[PDB]
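Peer 1: Using only what follows, build the 3D model:
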Amino acid sequence: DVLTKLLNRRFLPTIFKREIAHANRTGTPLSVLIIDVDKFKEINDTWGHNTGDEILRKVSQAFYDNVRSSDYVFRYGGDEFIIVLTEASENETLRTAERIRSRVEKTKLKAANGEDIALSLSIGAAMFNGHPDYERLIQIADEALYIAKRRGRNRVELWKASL
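Peer 2: Numbers count the residues shown, from 1 in each chain. The structure is reproduced below:
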């Protein structure tokens with residue numbers, strides 16, 4: 001089962017604290033992908049939890065197929081995910097986030113009647129800029145996610161001082 005490999009949210013602090021410390025001592029880039037499945041509750045209602053669950057499996061599979069073993073993937077809510085990319089440049093991060101978003105879009109799902117289920121991700125991305133507090137890094141990545149949702153979903157957004 002792919003869903004059992006996912007990390008609980010409670011491990012975010014202890015993991016981020018250590019992973020940030022390492023990124024400052026060495027000067028290696030660090031990035032975060034915050035992901036939320038588009039209109040998931042609406043999908044969960046219409047097609048059922050078995051369908052919602054299978055969606056979470058396909059979506060989780062897309063993650064592990066496009067991250068290293070050295071990266072971390074967390075699942076907090078029903079459709080809420082957090083990916084920590086250790087040692088990934090901005091160029092690499094956006095490329096990774098794009099591979100993930102595209103994969104989910106191009107995964108068509110057959111319904112009970114035989115129709116197609118619309119799948120898409122919204123992804124917020126943010127680069128580590130040296131700040132010691134990890135919550136700041138999650139805040140801006142979540143803010144980036146907020147915009148991707150606000151701008152019509154099925155897209156990636158990178159956090160900037162402009163907003």
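
Peer 1: Just give the nearest non-adjacent residue to the residue nearest the centre of the chain, would you?
Peer 2: The residue lying closest to the centre of the chain (C-alpha atoms, centre = their mean) is residue 35, at 3.1 Å. Excluding its sequence neighbours, the residue lying closest to residue 35 (C-beta to C-beta, 6 or more residues apart in numbering) is residue 81, at 4.2 Å. Bear in mind the C-beta positions are built from the backbone N, C-alpha and C, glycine included.

Peer 1: wouldn't that neighbour be in contact with residue 63 here?
Peer 2: Yes - contact criterion C-beta atoms under 8 Å: residue 81 and residue 63 qualify, at 7.0 Å.

Peer 1: what touches both of these two?
Peer 2: Contact criterion C-beta atoms under 8 Å, 6 or more residues apart in numbering; residues shared by residue 81 and residue 63: 35, 73.

Peer 1: so what's residue 131 up against?
Peer 2: Contacts of residue 131 by C-beta under 8 Å, 6+ apart are residue 137.

Peer 1: and it, how far is that from residue 20?
Peer 2: Applying C-beta to C-beta, to the nearest Å, the value for residue 131 to residue 20 is 8 Å.

Peer 1: Find residues that contact each of those two.
Peer 2: With C-beta under 8 Å, 6+ apart as the test, residue 131 and residue 20 both reach residue 137.

Peer 1: Put the alpha carbons of stretch 38-57 into PDB.
Peer 2: What follows is stretch 38-57, C-alpha atoms only, in PDB (Å, rounded to 0.1, in the frame of the first residue of the first chain):
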ATOM      1  CA  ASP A  38      -8.500  20.400  -6.700                       C
ATOM      2  CA  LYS A  39     -12.200  20.300  -5.700                       C
ATOM      3  CA  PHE A  40     -11.500  17.100  -3.800                       C
ATOM      4  CA  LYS A  41     -14.400  17.400  -1.400                       C
ATOM      5  CA  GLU A  42     -16.700  17.800  -4.400                       C
ATOM      6  CA  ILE A  43     -15.100  14.700  -5.900                       C
ATOM      7  CA  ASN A  44     -15.300  12.800  -2.600                       C
ATOM      8  CA  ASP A  45     -19.100  13.500  -2.400                       C
ATOM      9  CA  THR A  46     -20.000  12.800  -6.000                       C
ATOM     10  CA  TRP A  47     -18.000   9.600  -6.600                       C
ATOM     11  CA  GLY A  48     -17.500   8.300  -3.100                       C
ATOM     12  CA  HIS A  49     -14.700   7.700  -0.600                       C
ATOM     13  CA  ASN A  50     -13.500   4.600  -2.400                       C
ATOM     14  CA  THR A  51     -13.000   6.800  -5.500                       C
ATOM     15  CA  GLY A  52     -11.500   9.600  -3.400                       C
ATOM     16  CA  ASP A  53      -9.200   7.100  -1.800                       C
ATOM     17  CA  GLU A  54      -8.100   5.600  -5.100                       C
ATOM     18  CA  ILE A  55      -7.400   9.200  -6.200                       C
ATOM     19  CA  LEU A  56      -5.200   9.700  -3.200                       C
ATOM     20  CA  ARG A  57      -3.300   6.500  -4.200                       C
END
